[PDB]
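The structure under discussion appears below in the form of structure tokens.
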Amino acid sequence: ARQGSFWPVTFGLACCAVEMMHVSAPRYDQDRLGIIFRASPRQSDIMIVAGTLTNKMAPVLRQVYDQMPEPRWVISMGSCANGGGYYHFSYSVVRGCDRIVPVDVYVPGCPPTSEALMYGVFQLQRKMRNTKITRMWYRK
Amino acid sequence: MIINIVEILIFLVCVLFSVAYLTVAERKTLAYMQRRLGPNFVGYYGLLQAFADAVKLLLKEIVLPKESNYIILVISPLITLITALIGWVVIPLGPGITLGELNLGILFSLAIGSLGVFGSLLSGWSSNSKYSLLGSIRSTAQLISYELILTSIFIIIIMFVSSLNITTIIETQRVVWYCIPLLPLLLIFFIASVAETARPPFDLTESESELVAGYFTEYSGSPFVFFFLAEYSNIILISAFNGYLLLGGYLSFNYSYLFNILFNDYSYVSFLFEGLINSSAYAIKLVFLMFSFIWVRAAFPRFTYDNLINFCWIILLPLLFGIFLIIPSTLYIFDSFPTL
Amino acid sequence: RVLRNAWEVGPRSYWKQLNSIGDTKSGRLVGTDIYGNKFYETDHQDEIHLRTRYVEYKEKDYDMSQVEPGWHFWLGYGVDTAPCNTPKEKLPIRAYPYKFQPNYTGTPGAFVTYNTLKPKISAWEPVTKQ
Amino acid sequence: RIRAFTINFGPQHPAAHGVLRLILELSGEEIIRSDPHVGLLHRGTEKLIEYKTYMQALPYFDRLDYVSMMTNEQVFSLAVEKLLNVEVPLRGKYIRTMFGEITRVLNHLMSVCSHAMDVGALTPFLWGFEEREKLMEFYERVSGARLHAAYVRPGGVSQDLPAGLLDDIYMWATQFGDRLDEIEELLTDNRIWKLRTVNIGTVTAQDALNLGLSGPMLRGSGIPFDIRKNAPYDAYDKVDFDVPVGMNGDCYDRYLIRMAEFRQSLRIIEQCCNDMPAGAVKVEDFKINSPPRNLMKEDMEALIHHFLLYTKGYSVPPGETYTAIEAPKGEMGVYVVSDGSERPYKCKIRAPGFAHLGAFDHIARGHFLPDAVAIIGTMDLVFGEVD
Amino acid sequence: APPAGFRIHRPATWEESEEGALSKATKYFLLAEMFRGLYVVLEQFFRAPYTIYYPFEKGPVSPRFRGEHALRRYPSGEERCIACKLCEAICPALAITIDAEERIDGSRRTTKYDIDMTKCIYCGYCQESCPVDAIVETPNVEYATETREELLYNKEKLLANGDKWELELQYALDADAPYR
Amino acid sequence: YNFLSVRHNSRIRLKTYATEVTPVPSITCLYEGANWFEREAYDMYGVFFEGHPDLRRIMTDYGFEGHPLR
Amino acid sequence: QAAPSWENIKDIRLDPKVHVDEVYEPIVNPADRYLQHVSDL
Amino acid sequence: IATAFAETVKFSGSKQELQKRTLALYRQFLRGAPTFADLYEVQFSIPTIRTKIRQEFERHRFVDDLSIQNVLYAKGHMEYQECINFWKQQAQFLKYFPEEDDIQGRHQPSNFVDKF
Amino acid sequence: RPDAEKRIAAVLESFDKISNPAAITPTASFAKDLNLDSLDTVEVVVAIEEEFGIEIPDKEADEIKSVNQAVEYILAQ
Amino acid sequence: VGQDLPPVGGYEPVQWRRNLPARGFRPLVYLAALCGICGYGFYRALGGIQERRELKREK
Ligand SMILES: CCCCCCCCCCCCCCCCCC(=O)OC[C@H](COP(=O)(O)OCCN)OC(=O)CCCCCCCCCCCCCCCCC
Ligand code: SF4
Ligand code: SF4
Ligand code: SF4
């Protein structure tokens with residue numbers, strides 16, 4: 001059930017958001033999988049950070065991250081979003097969102113393909129298929 | 001006593017399972033209308049997405065320090081109880097002759113469709129945010145202004161009826177296919193029907209991130225599935241309500257079933273079949289109606305609050321008062337009034 | 001008419017196919033199966049652009065990167081010709097093993113990394129004379 | 001007296017493709033005072049390419065304005081090759097012109113789609129992205145990725161086209177006019193977009209010239225002036241190109257002028273499919289851009305040029321220049337002060353998305369908030385072209 | 001003073017009357033212009049979709065598309081990279097870190113070879129400048145590691161990645177190297 | 001300053017010189033397209049200006065001192 | 001017109017599409033377009 | 001064509017007038033301190049804000065040139081402008097406040113011996 | 001007026017840097033009598049206006065040099 | 001210079017303009033037939049009501 005619906009909230013900062021909305025394009029559709037994102041951080045599950053991440057943004061990003069329910073994950077979409085990427089040597093850029101939010105699936109490269117974002121999504125769902133939360137209540 | 005509780009369980013599981021798969025249905029038909037494919041992956045075929053999404057979004061449940069939980073933990077349950085479900089108390093042509101309702105139909109549906117509006121308003125009352133409650137007052141104001149011209153038109157179509165119990169409209173309408181063939185203000189009822197249950201081309205208080213990254217409150221968790229299910233269930237109820245009075249139940253092949261059932265069955269074999277085709281008639285008159293809702297979701301964009309109140313209190317309502325300056329007039333002219 | 005154009009599969013593979021892909025493509029020319037997986041090109045006359053070539057993955061735990069990547073063009077349309085045709089293009093390989101680990105992410109045996117060399121400075125060894 | 005409050009408009013997703021932090025004040029849900037607030041995305045390219053070489057500069061440079069990529073590549077390359085006193089051969093000018101116009105199709109398409117999604121209609125958005133995916137492939141069969149590209153160089157371009165691309169792009173442009181009509185039939189005519197867009201955000205020409213506006217809003221305010229017909233860079237001289245002119249400075253003519261620029265750019269793709277010459281597609285010499293990779297492995301001089309062109313960049317003569325072309329969001333200017341060395345001593349971009357955003361407060365007054373959502377999308381506020 | 005800029009011809013365009021003769025009230029009164037758009041989207045509803053079942057199908061992969069930096073070797077390959085540092089000096093995010101040494105057999109090889117896949121923009125300049133064509137953008141999108149520590153590609157990852165496929169790279173070069 | 005004609009299709013450039021110490025006056029008195037750009041000039045440089053409303057920061061962090069394009 | 005794209009009427013063309021010659025890009029001038037304009041300016 | 005809290009840029013000539021102008025700036029910058037503590041929800045008290053504001057202006061008591069004091073006045077009034085509303089956020093706002101010691105552990109006692 | 005300056009000589013006494021409250025004559029100077037800084041002068045002015053919950057204009061802050069002036073402006077409400 | 005992707009030795013030019021209203025009955029008949037349908041509808045509707053005149057007194 002958690003692996004099926006799986007909607008994000010767009011944070012969507014730059015070019016990598018143009019590829020994100022290309023996943024909403026009809027070629028590599030989100031809704032053939034279930035990805036129907038709301039624009040609201042409480043109604044969300046995972047928080048795709050796409051685009052580069054400024055120094056100026058990062059407190060707003062962590063404040064969005066905190067008002068988000070407990071089964072939460074983060075996708076770092078785009079090379080700039082993880083390890084700073086193509087700028088990384090600015091005064092005003094954050095050297096990767098690992099300095100801000102904990103991330104569970106990275107997505108490489110300036111703009112990663114719509115193929116790439118969906119492959120990261122399926123790898124995240126493959127991680128979800130090993131969450132084993134109920135038998136971890138049983139303390140396996 | 002046992003037969004009626006299993007009756008009511010069959011009808012509740014019909015409406016609940018119905019409104020469950022309706023969201024998958026509309027998303028599919030938007031998707032083909034948007035030249036793509038809808039939920040095509042979930043489990044066993046791809047008919048199952050909402051039925052997994054309900055189990056998904058239960059297990060979130062946040063609360064907000066800006067607001068008492070005691071109102072928002074109940075106000076989406078309010079419109080889930082009253083707006084969604086006990087509108088079906090009228091059994092809005094539970095599509096046979098019979099219902100699960102005694103009598104005095106249409107104004108009960110009026111009262112409960114009226115009762116949903118401050119379920120929306122007190123929902124938007126929450127969180128004490130000076131940018132939020134004005135949007136709430138906006139939503140509720142346009143909501144009541146189109147409630148009024150649902151009300152003042154389905155009280156004038158029953159001027160061809162005059163009987164207030166539920167069935168008598170339906171047995172009256174089988175002679176003419178009275179519903180739309182004598183009057184096409186169905187369409188303005190239809191354009192009223194997108195507003196009083198806002199699943200609209202209006203989307204007006206769903207200024208999703210125009211406010212501080214939240215539209216209604218973002219009461220996610222069980223109140224989210226409550227609001228979601230009640231909005232869709234209000235849609236299929238008011239769509240049935242359109243197919244109740246101003247669109248017709250009891251399709252004319254059952255009128256021709258005099259030339260069919262007399263050629264099919266001998267004498268009353270447990271009434272085995274006619275309720276089924278009657279249900280088939282009402283169901284195909286209902287889903288074909290809401291297919292136009294799913295059109296108008298993805299055909300025309302949002303509708304600009306000041307122009308929306310322009311669209312209520314300036315144009316449609318004086319046309320309306322003309323139209324029941326003539327429907328009392330024209331039947332008085334041509335021959336005469338209806339009895340009850 | 002897509003129903004009887006799925007009847008060409010045979011329902012034993014169809015009830016698995018529908019359990020794998022949401023659509024049921026017509027079972028067509030297999031191309032050639034690979035190290036893990038089975039492919040299909042499609043000679044169907046009426047299908048949309050770039051939904052011709054596809055894959056049955058032979059594993060319920062399915063993903064990408066199970067494709068041996070010589071075929072990855074032929075699933076991404078990098079070549080008209082199926083890669084089991086020309087031998088003179090296909091053979092640089094004398095780097096002799098071809099073990100082909102698909103991807104190990106999230107698996108305990110994930111790839112990690114390390115400096116190759118040694119430290120740059122080479123601290124002295126504690127040898128004392130008298 | 002006035003006692004007005006304020007809101008913050010968009011933290012993350014108010015207008016798509018924009019971190020639109022707009023500190024907006026209201027009295028009666030009227031925008032008496034407007035204070036756009038951009039700059040959340042100050043990635044600092046303007047600093048960073050002071051330590052990069054010119055070959056290194058370009059994949060910084062289309063990261064600005066990330067919906068019109070190789071047009072931004074082209075304006076930087078024109079600024080540099082103007083400062084080199086060289087001229088790219090005719091094959092290069094025609095393929096950069098046709099790529100500028102499919103890029104123009106892409107930019108106006110994504111602008112109208114995101115505009116209409118903010119307005120509320122979802123189908124034009126997805127229908128337009130359906131052939132934006134075909135244009136993504138037409139980048140992809142040329143570039144190394146889907147939308148970003150190092151394909152333009154200062155010395156012309158990277159590499160000549162493949163054959164099936166030029167054969168296919170005709171068959172694409174055969175249907176694109178039909179589908180452009182198809183998305184046009186349900187917005188241009190309806191009463192929604194006729195009160196959803198009225199004389200709204202009227203900007204007079206006396207004011208629009210004083211605001212530093214350009215491009216589509218300028219020509220919507222009824223001054224028949226762009227750069228392309230008036231300062232013809234890169235073979236727009238040689239192609240029949242007709243420019244639409246507004247009559248009323250509202251957002252409706254700013255809609256219809258883009259919708260005319262589509263079916264003007266398709267003529268350009270037509271005649272650039274026809275007039276495509278054969279020739280060198282890089283620059284003719286090899287002192288300045290790149291050697292050909294065939295004879296870089298059979299020759300001394302080709303190796304030394306290859307080596308120095310990827311180590312030290314290359315020589316640029318000193319001095320200043322400024323070069324503006326009409327990107328599909330408006331006049332993009334590039335102002336480059338070159339040291340006389342391997343690396344640019346100063347580069348200042350100039351963005352219509354930084355000027356139109358500056359004009360936003362003077363335009364937005366006397367409206368409502370759902371007016372303001374549309375008037376963002378009209379003036380092409382994709383905030384990756386702020387800094 | 002000719003100064004030829006003139007002639008916008010300024011159409012006065014009164015347009016008071018004779019647009020319609022009560023047909024105007026019909027088209028305004030009921031939504032004929034808008035029912036037209038509904039008929040358009042219904043006619044669009046019947047036609048073909050465009051979804052590509054991405055685990056099972058794939059979008060078009062041009063031969064010049066960029067990927068994950070696999071190091072080629074020769075036929076019977078002696079690790080074709082020579083640490084020539086040209087692929088260092090143009091990596092525009094400085095995502096290249098090389099160190100080299102004279103190896104035992106006399107030639108020069110890479111002591112370490114480092115790609116910050118955190119910060120590889122995929123400009124392909126590495127591929128456009130390594131003269132022995134030894135670093136190559138792949139077409140494979142085979143990624144999505146859970147740590148940065150699973151992204152920082154050393155020499156062994158890249159040699160392994162080239163050893164995983166050169167078939168695809170041979171297809172790529174043999175459709176591209178007469179254009180590069 | 002780069003300026004653009006409309007009647008004449010002709011650009012021009014106009015330069016001053018200013019020190020971090022002493023300001024030079026703005027040009028927002030003449031037209032309204034200035035007051036955004038001169039904020040950008042002040043933020044990137046600390047070239048301080050004069051006769052101007054709302055000389056804020058846009059292009060940096062709000063607690064960030066220094067001036068980057070120095 | 002008609003005969004454009006899919007649901008095909010079986011009519012297409014990818015043949016005889018050439019102009020085969022040797023180039024004649026006779027030019028040398030770096031910046032001579034501007035000299036009259038520079039003299040005006 | 002607007003402001004936000006009436007930021008004006010016009011440097012006067014005489015050092016007495018600049019003195020008075022910085023004085024009135026100090027009054028507003030001091031008066032807004034409970035508005036600051038309301039707005040950002042700090043841990044420390046309003047007198048901590050006041051003694052640190054006094055510290056910040058005593059950092060530039062002995063600056064000679066009025067033509068340096070001009071842009072110091074602009075920086076002061078401008079950061080007052082960006083503090084009087086919610087442009088700055090509390091993560092941005094704590095860059096003035098080296099509040100806690102226990103983040104550092106044992107550290108340099110400013111002796112030469114404990115540089116080693 | 002009566003015992004307004006009781007509150008003022010309570011606030012200024014509660015304010016630091018004035019080690020001698022016996023040196024605080026009420027009708028006396030600020031910077032001459034107690035060596036108050038010109039910065040600290042308007043600091044204690046803002047302390048005074050914050051104690052009485054009252055807001056002052058700019059020239060009223062300009063003219064205050066002794067507390068008899070301050071009490072005379074306190075008298076305005 | 002060798003075989004690069006030159007143009008075609010023809011054009012076959014394509015669409016660059018607008019499109020049209022659908023069927024031939026643009027005028028008010030698209031309204032006037034509406035007055036036909038009500039002109040049928042009441043023609044039975046009141047008549048059914050007229051028949052209930054005989055029906056009610058029957059009971
Ligand atoms: C005569 C003999 C018979 C006698 C009985 C008469 C019964 C006739 C039946 C009822 C008559 C229908 C009346 C329809 C009312 C609609 C009027 C209307 O919409 O006015 C347009 C108005 C435009 O706005 P505004 O700018 O203020 O206009 C001034 C311009 N100078 O307002 C607007 O802004 C337009 C907003 C409309 C939003 C509609 C959204 C789409 C609705 C389409 C879905 C319906 C299709 C499905 C049903 C059709 C079934 C066939
Ligand atoms: S990761 Fe790449 S695509 Fe994304 S913002 Fe950075 S440079 Fe742009
Ligand atoms: S592809 Fe580009 S970013 Fe990556 S290493 Fe090569 S030159 Fe650098
Ligand atoms: S460009 Fe070639 S020789 Fe130079 S470091 Fe890269 S692989 Fe080695």
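Residue names in the structure tokens use chain letters A, B, ... in the order shown, residue numbers from 1 in each chain, and ligand numbers from 1 in the order shown.
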List as a ChimeraX atom specification the protein and nucleic acid residues lying within 9 Å of ligand 2, with only C-alpha atoms and all ligand atoms counted.
/A:13-19,50-53,77-82,84-87,108-112 /D:59-60,63-64,66,148,384 /E:119-122
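For ligand 1, the protein and nucleic acid residues at most 6 Å away, judged by only C-alpha atoms and all ligand atoms, amount to residues 183, 184, 185, 187, 188, 191 and 311 of chain B; 191 and 195 of chain D; 28, 29 and 30 of chain E; 35 and 38 of chain J.
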Could you write out the selected residues, including N, CA, C and O atoms, as a tab-separated table (two decimals), in the first residue's frame?
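Okay, this is what ended up in part.tsv:
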chain	number	residue	atom	x	y	z
B	183	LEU	N	-37.13	20.67	-21.07
B	183	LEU	CA	-36.40	21.83	-20.59
B	183	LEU	C	-34.91	21.55	-20.55
B	183	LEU	O	-34.48	20.57	-19.93
B	184	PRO	N	-34.08	22.36	-21.21
B	184	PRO	CA	-32.63	22.13	-21.22
B	184	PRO	C	-31.85	22.87	-20.14
B	184	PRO	O	-30.62	22.81	-20.16
B	185	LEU	N	-32.51	23.49	-19.16
B	185	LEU	CA	-31.79	24.13	-18.06
B	185	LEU	C	-31.06	23.14	-17.15
B	185	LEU	O	-30.38	23.58	-16.22
B	187	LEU	N	-28.46	21.93	-18.24
B	187	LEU	CA	-27.09	22.39	-18.42
B	187	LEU	C	-26.70	23.43	-17.38
B	187	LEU	O	-25.61	23.34	-16.80
B	188	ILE	N	-27.61	24.36	-17.04
B	188	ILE	CA	-27.20	25.31	-16.02
B	188	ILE	C	-27.22	24.64	-14.66
B	188	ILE	O	-26.38	24.94	-13.81
B	191	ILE	N	-24.01	23.24	-14.66
B	191	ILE	CA	-22.96	24.19	-14.33
B	191	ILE	C	-23.18	24.74	-12.94
B	191	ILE	O	-22.25	25.27	-12.32
B	311	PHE	N	-20.84	35.68	-11.89
B	311	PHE	CA	-21.54	34.61	-12.57
B	311	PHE	C	-22.73	34.11	-11.77
B	311	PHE	O	-23.65	33.53	-12.34
D	191	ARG	N	-14.58	32.04	-23.52
D	191	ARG	CA	-14.87	33.19	-22.66
D	191	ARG	C	-13.99	33.17	-21.43
D	191	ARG	O	-13.66	34.22	-20.87
D	195	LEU	N	-12.28	36.54	-19.94
D	195	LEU	CA	-12.31	37.29	-18.69
D	195	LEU	C	-11.20	36.86	-17.75
D	195	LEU	O	-10.71	37.70	-16.98
E	28	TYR	N	-23.13	33.98	-27.02
E	28	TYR	CA	-22.86	34.36	-25.64
E	28	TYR	C	-23.74	33.59	-24.68
E	28	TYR	O	-23.30	33.23	-23.58
E	29	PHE	N	-25.00	33.36	-25.06
E	29	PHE	CA	-25.99	32.90	-24.10
E	29	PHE	C	-25.78	31.45	-23.72
E	29	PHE	O	-25.68	31.12	-22.54
E	30	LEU	N	-25.67	30.57	-24.71
E	30	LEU	CA	-25.24	29.21	-24.44
E	30	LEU	C	-23.86	28.99	-25.02
E	30	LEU	O	-23.46	29.64	-26.00
J	35	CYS	N	-35.77	25.52	-29.55
J	35	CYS	CA	-37.18	25.85	-29.45
J	35	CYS	C	-38.07	24.81	-30.11
J	35	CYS	O	-39.27	24.77	-29.84
J	38	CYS	N	-38.15	21.91	-26.88
J	38	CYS	CA	-39.17	22.37	-25.94
J	38	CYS	C	-40.54	22.41	-26.60
J	38	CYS	O	-41.54	22.02	-26.00
Just need the residues of chain F within 8 Å of chain A, counting only C-alpha atoms, so spit them out as a PyMOL selection string.
chain F and resi 60-62
Identify, counting only C-alpha atoms and all ligand atoms, the protein, DNA and RNA residues located within 6 Å of ligand 4, and give them as a PyMOL selection string.
chain E and resi 81-87+129-132+134-135
Nearest to chain E among A:107, A:33, A:64, A:21, with distances taken over only C-alpha atoms: which residue is it?
A:107
Protein and nucleic acid residues within 6 Å of ligand 3 (only C-alpha atoms and all ligand atoms) as a ChimeraX atom specification:
/E:90-93,95-96,120-126
DSSP on the backbone, helix (DSSP H, G or I) only: what residues of chain G does that give? Format it as a VMD selection string.
chain G and resid 35 to 40
Where in chain C does DSSP assign strand (DSSP E or B), given as a PyMOL selection string?
chain C and resi 38-40+54-56
Report as a PyMOL selection string all protein, DNA and RNA residues lying within 8 Å of residue J:18, evaluated on only C-alpha atoms, omitting residues in the same chain fewer than 2 positions from it.
(chain D and resi 181) or (chain J and resi 16+20)
Surrounding residues of stretch 40-57 of chain C excluding itself and chain neighbours under 5 positions, 6 Å, only C-alpha atoms, as a VMD selection string:
(chain C and resid 28 to 31 75) or (chain E and resid 56 to 57)
Residue list for chain J near chain E as a ChimeraX atom specification, 10 Å, only C-alpha atoms
/J:4,21-22,26-32
Requested write-out: N, CA, C and O atoms of the selected residues, as an mmCIF file, in the first residue's frame:
data_model
loop_
_atom_site.group_PDB
_atom_site.id
_atom_site.type_symbol
_atom_site.label_atom_id
_atom_site.label_comp_id
_atom_site.auth_asym_id
_atom_site.auth_seq_id
_atom_site.Cartn_x
_atom_site.Cartn_y
_atom_site.Cartn_z
ATOM 1 N N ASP J 4 27.770 14.648 -45.877
ATOM 2 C CA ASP J 4 27.068 15.037 -44.669
ATOM 3 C C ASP J 4 25.575 15.050 -44.963
ATOM 4 O O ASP J 4 25.139 14.846 -46.096
ATOM 5 N N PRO J 21 -14.319 26.330 -38.258
ATOM 6 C CA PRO J 21 -15.530 25.800 -37.615
ATOM 7 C C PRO J 21 -16.034 24.529 -38.280
ATOM 8 O O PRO J 21 -15.866 24.317 -39.482
ATOM 9 N N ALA J 22 -16.720 23.704 -37.483
ATOM 10 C CA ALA J 22 -16.798 22.271 -37.767
ATOM 11 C C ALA J 22 -17.804 21.928 -38.861
ATOM 12 O O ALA J 22 -17.434 21.383 -39.904
ATOM 13 N N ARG J 26 -23.663 26.682 -38.662
ATOM 14 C CA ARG J 26 -23.328 27.815 -37.805
ATOM 15 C C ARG J 26 -24.508 28.661 -37.292
ATOM 16 O O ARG J 26 -24.447 29.076 -36.121
ATOM 17 N N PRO J 27 -25.597 28.991 -38.076
ATOM 18 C CA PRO J 27 -26.546 29.992 -37.561
ATOM 19 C C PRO J 27 -27.446 29.555 -36.414
ATOM 20 O O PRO J 27 -27.261 28.507 -35.792
ATOM 21 N N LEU J 28 -28.439 30.406 -36.142
ATOM 22 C CA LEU J 28 -29.377 30.302 -35.027
ATOM 23 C C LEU J 28 -30.257 29.058 -35.035
ATOM 24 O O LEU J 28 -31.060 28.909 -34.110
ATOM 25 N N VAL J 29 -30.199 28.212 -36.069
ATOM 26 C CA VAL J 29 -30.942 26.954 -36.040
ATOM 27 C C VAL J 29 -30.424 26.068 -34.919
ATOM 28 O O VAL J 29 -31.203 25.377 -34.249
ATOM 29 N N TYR J 30 -29.129 26.178 -34.615
ATOM 30 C CA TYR J 30 -28.517 25.567 -33.444
ATOM 31 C C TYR J 30 -29.095 26.107 -32.139
ATOM 32 O O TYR J 30 -28.958 25.458 -31.099
ATOM 33 N N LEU J 31 -29.756 27.266 -32.177
ATOM 34 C CA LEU J 31 -30.677 27.703 -31.136
ATOM 35 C C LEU J 31 -32.122 27.339 -31.444
ATOM 36 O O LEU J 31 -32.851 26.908 -30.543
ATOM 37 N N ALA J 32 -32.545 27.497 -32.703
ATOM 38 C CA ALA J 32 -33.968 27.419 -33.025
ATOM 39 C C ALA J 32 -34.507 26.007 -32.882
ATOM 40 O O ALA J 32 -35.657 25.828 -32.465
#
Contacts of residue D:216 within 8 Å, only C-alpha atoms, excl. fewer than 2 positions in-chain, as a PyMOL selection string
chain D and resi 214+218-220+254+257-258+328-330+379
Go ahead and write the residues just picked, C-alpha atoms, as a PDB file, in the first residue's frame.
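Produced file selection.pdb, reproduced below:
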ATOM      1  CA  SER D 214      11.662  43.476 -23.861  1.00  0.00           C
ATOM      2  CA  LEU D 218       7.313  44.712 -25.510  1.00  0.00           C
ATOM      3  CA  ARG D 219       5.842  43.525 -28.787  1.00  0.00           C
ATOM      4  CA  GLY D 220       2.595  42.934 -26.934  1.00  0.00           C
ATOM      5  CA  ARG D 254       0.923  38.470 -24.800  1.00  0.00           C
ATOM      6  CA  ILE D 257       1.774  36.886 -29.796  1.00  0.00           C
ATOM      7  CA  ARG D 258       3.437  33.701 -28.528  1.00  0.00           C
ATOM      8  CA  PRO D 328      11.984  33.637 -26.381  1.00  0.00           C
ATOM      9  CA  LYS D 329      11.600  35.160 -22.919  1.00  0.00           C
ATOM     10  CA  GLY D 330      12.895  38.532 -24.102  1.00  0.00           C
ATOM     11  CA  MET D 379       5.951  37.561 -18.420  1.00  0.00           C
TER      12      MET D 379
END
Nearby residues (only C-alpha atoms) at most 12 Å from stretch 41-53 of chain H, same-chain spacing under 4 positions excluded, as a ChimeraX atom specification:
/H:25-37,57-60,76,80,89-91,93-94,96-100 /I:15-16,39-40,43-44,46-47
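Selected on chain H by distance to chain D: residues 1, 2, 3, 4 and 87 of chain H (within 9 Å, counting only C-alpha atoms).
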I need the chosen residues saved as a PDB file, in the first residue's frame, with N, CA, C and O atoms.
ATOM      1  N   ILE H   1       8.665  52.104  -6.976  1.00  0.00           N
ATOM      2  CA  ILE H   1       7.424  52.844  -6.798  1.00  0.00           C
ATOM      3  C   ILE H   1       6.876  52.390  -5.431  1.00  0.00           C
ATOM      4  O   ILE H   1       5.743  52.673  -5.048  1.00  0.00           O
ATOM      5  N   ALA H   2       7.710  51.706  -4.656  1.00  0.00           N
ATOM      6  CA  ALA H   2       7.298  51.369  -3.301  1.00  0.00           C
ATOM      7  C   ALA H   2       8.486  51.272  -2.374  1.00  0.00           C
ATOM      8  O   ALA H   2       9.631  51.531  -2.746  1.00  0.00           O
ATOM      9  N   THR H   3       8.168  50.887  -1.145  1.00  0.00           N
ATOM     10  CA  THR H   3       9.137  50.682  -0.082  1.00  0.00           C
ATOM     11  C   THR H   3       8.769  49.378   0.615  1.00  0.00           C
ATOM     12  O   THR H   3       7.961  48.577   0.131  1.00  0.00           O
ATOM     13  N   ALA H   4       9.394  49.135   1.759  1.00  0.00           N
ATOM     14  CA  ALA H   4       8.828  48.165   2.677  1.00  0.00           C
ATOM     15  C   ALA H   4       8.789  48.687   4.103  1.00  0.00           C
ATOM     16  O   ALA H   4       7.831  48.431   4.838  1.00  0.00           O
ATOM     17  N   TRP H  87      11.907  38.800   6.400  1.00  0.00           N
ATOM     18  CA  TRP H  87      12.849  38.391   5.363  1.00  0.00           C
ATOM     19  C   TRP H  87      13.892  37.451   5.929  1.00  0.00           C
ATOM     20  O   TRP H  87      14.128  36.367   5.388  1.00  0.00           O
TER      21      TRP H  87
END
Using only C-alpha atoms, determine which residues of chain E fall within 6 Å of chain D; present them as a short mmCIF file (atom, residue, chain, number, x, y, z; two decimals) with N, CA, C and O atoms, in the first residue's frame.
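Saved as selection21.cif:
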data_model
loop_
_atom_site.label_atom_id
_atom_site.label_comp_id
_atom_site.auth_asym_id
_atom_site.auth_seq_id
_atom_site.Cartn_x
_atom_site.Cartn_y
_atom_site.Cartn_z
N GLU E 33 -19.02 28.26 -28.15
CA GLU E 33 -17.57 28.35 -28.27
C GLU E 33 -16.84 27.44 -27.30
O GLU E 33 -15.70 27.06 -27.55
N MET E 34 -17.50 27.06 -26.21
CA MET E 34 -16.95 26.28 -25.13
C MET E 34 -17.33 24.80 -25.24
O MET E 34 -16.51 23.91 -24.97
N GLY E 37 -14.81 23.32 -27.48
CA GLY E 37 -13.62 22.79 -26.83
C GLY E 37 -13.88 21.45 -26.18
O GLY E 37 -13.00 20.57 -26.18
N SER E 62 19.88 7.99 -28.14
CA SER E 62 20.80 8.35 -29.20
C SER E 62 22.20 7.84 -28.87
O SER E 62 22.54 7.68 -27.70
N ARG E 64 24.91 9.46 -29.08
CA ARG E 64 25.73 10.49 -28.47
C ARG E 64 25.26 10.89 -27.09
O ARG E 64 25.81 11.83 -26.51
N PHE E 65 24.27 10.19 -26.54
CA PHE E 65 23.80 10.44 -25.19
C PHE E 65 24.88 10.11 -24.17
O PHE E 65 25.76 9.29 -24.42
N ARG E 66 24.83 10.76 -23.01
CA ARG E 66 25.92 10.66 -22.05
C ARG E 66 25.53 9.85 -20.82
O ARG E 66 24.37 9.83 -20.41
N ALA E 89 41.66 19.03 -17.34
CA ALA E 89 41.68 20.48 -17.50
C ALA E 89 40.48 21.05 -18.15
O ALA E 89 40.49 22.24 -18.45
N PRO E 92 34.26 20.92 -16.03
CA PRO E 92 33.95 22.30 -15.68
C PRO E 92 33.47 22.44 -14.26
O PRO E 92 33.27 23.57 -13.80
N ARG E 180 32.79 12.96 -34.26
CA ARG E 180 33.37 13.56 -33.07
C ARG E 180 34.45 14.59 -33.38
O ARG E 180 35.02 14.59 -34.47
#
